[PDB]
């Protein structure tokens, strides 16, 4: 049972973010395959258009325990490079998409993700809006990837839903702070560095497994193309004891 992972692609040629989540399998004749689902979050101008901002699909990655480190290609012809995976399961890499949903010239983009140390993964993606009352809101969608024991159960490993987060001059919408969502969960996000990267912790008020879930770490980025006041973002929660 190779672990689950998620990652965020911080696109450098548009204001969008993609999150990918899934699981590596050593099935076919010793070959490794990443089975993933993604959410592509587009930047919208107002919260009223939020409902149409999120696309969904799959990618199967093959090479160019089931190490993520290395170079991979997917079914759409995209390539990604993933470097060393640290002890906390953290990894960074670069992605070159072969295809785009926006009318911009493609640029190689960074990715940051985490693999489940020893278990499930959730990736969230959305946009940080300043509401009419000046409060920040995160409107997000997520994919919750469960571990399966054979590739034949991969089809049923991914749940989807939404979360709205609110914080516990309102010029730029910033991810830093302590947040609660509509399910009762809480997260804290640290400073967002110049590369748009941020770290935090997450305590979910709800579970889909019968394990004890502890406070779990999160790593993500915020998109900085055209330096928007309402940036898209993505993050991966690496569930602990899950």
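Numbering follows the first chain given and starts at 1.
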Practice item. Enter the number of deposited residues without atomic coordinates between residue 206 and residue 207, binned as none, 1 to 3, 4 to 9, or 10 or more. Key: none
Review point. Relative to the deposited sequence, how many residues with no modelled coordinates occur between residue 168 and residue 169 (none, 1 to 3, 4 to 9, 10 or more)?
Key: 10 or more
Practice item. Averaging only over Cα atoms, indicate whether 191-199 or 53-61 has the higher B-factor in the PDB entry. Key: 191-199
Exercise for review: Would you tell me which stretch averages the higher CA B-factor in the PDB entry, 80-88 or 139-147?
Suggested key: 80-88
Check your understanding: Between 40, 183, 213, 34, which one tops the list for C-alpha B-factor in the PDB entry?
Key -> 213
Practice item. Divide the modelled residues of the chain into thirds by Cα B-factor and specify which third, lowest, middle or highest, holds residue 8. Key: lowest
Check your understanding: In terms of the chain's CA B-factor thirds, is residue 2 lowest, middle or highest?
Key -> highest
Revision key, fill the gap. Of the three thirds of the chain ranked by Cα temperature factor, residue 131 occupies the middle
Review point. Looking at the C-alpha B-factor of residue 241, is it in the lowest, middle or highest third of its chain?
Key: highest
Check your understanding: Considering only modelled residues of the same chain, in which third does the CA B-factor of residue 71 rank: lowest, middle or highest?
Key -> middle
